[PDB]
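Coming up is one lone chain in structure tokens, specifically the form deposited in one PDB entry.
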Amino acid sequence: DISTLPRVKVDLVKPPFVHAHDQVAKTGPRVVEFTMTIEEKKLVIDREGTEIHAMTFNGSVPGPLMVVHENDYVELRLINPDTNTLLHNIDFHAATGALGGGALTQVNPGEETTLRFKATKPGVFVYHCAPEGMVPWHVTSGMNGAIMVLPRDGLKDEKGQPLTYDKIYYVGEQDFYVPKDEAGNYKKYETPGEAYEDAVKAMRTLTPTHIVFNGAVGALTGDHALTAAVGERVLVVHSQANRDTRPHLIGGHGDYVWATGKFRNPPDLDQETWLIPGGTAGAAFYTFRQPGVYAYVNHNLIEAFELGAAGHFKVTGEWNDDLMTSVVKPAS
């Protein structure tokens, strides 16, 4: 009887940060209560000042990472305020039935709904909006995120030994398809209905105009760079709701990688680059061994360095000259 289970309310945080949770379950199964509010808003996505009408869960692209344990129940209250103009819903790849919840969560502006589902499979999973007849538009406008369902005894390596992370970050990679005129400049629109056929035409090229981490070119750089220290074990969760991506930590590795994100499978070891299929979330564990700046990129380098799919880690600590050294510094 689900009514006899403990309930716990989670307060979500903005990516790339992740709400507090326990890796190993410290309670029995619980109903884990989340609330998200849909926000349609203008977002500046690049250095040129290109501004799109984003569709978001909780004001961010991506939506927040939700974290539960296997065989918990996830209960989501989804709010569509009357300040929005569109119908939205939510589909969880973690859930079973009703198009992942999409069939049960259609909310017009001024409506709310509450969905409960049992998290029966451990892994990281995409969630996204999926309104009938409009699915790729919503998803490619930013309306996606991920949920992590941890095994009750936490993560394990290929030999079944515990893998415990010290820090976790969530990188949502978003492909935008900003409509272009024939000269190649981005077009702007006065209503969603007036933008829609042009959105569809831009999507049908299959060529994103921008591919960004955390919602904008340069979002995970500067004062918003990811951080770690030498010796820290970091889990990076990475999702892409629509298009394949190939994450790579420049100067590092994926020590243990679940490229398709499902923790019942043994991880791949020592990866340089891993492929996360469109519509999947993956997770990579790394222990930093050197200080300095790392670039975390989609290793289609055009996507990384021309279209925006790159962020930085700033790592503190001691340099290890055994692992790498300049023997002769650049000279004539």
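In case it trips you up, residue 1 is the first one in the sequence shown, and so on. What we label the rigid core is the largest C-alpha set whose atoms superpose within 1.5 Å from one form to the other. Residues that one form lacks are left out of the comparison.
The following text describes the form deposited in another entry, which does not appear among the structures shown.
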property	result
Residue among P151, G251, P192, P131 with C-alpha shift of 2 Å or more between the shown form and the other one, core superposed	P192
Rigid core superposed: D223 CA moves 2 Å or more between the shown form and the other one	no
Core-aligned C-alpha movement of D82 between the shown form and the other one reaching 2 Å	no
Large-shift segments between the shown form and the other one, meaning 3+ residue runs whose Cα move 2 Å or more when the rigid core is superposed	181-184, 190-194
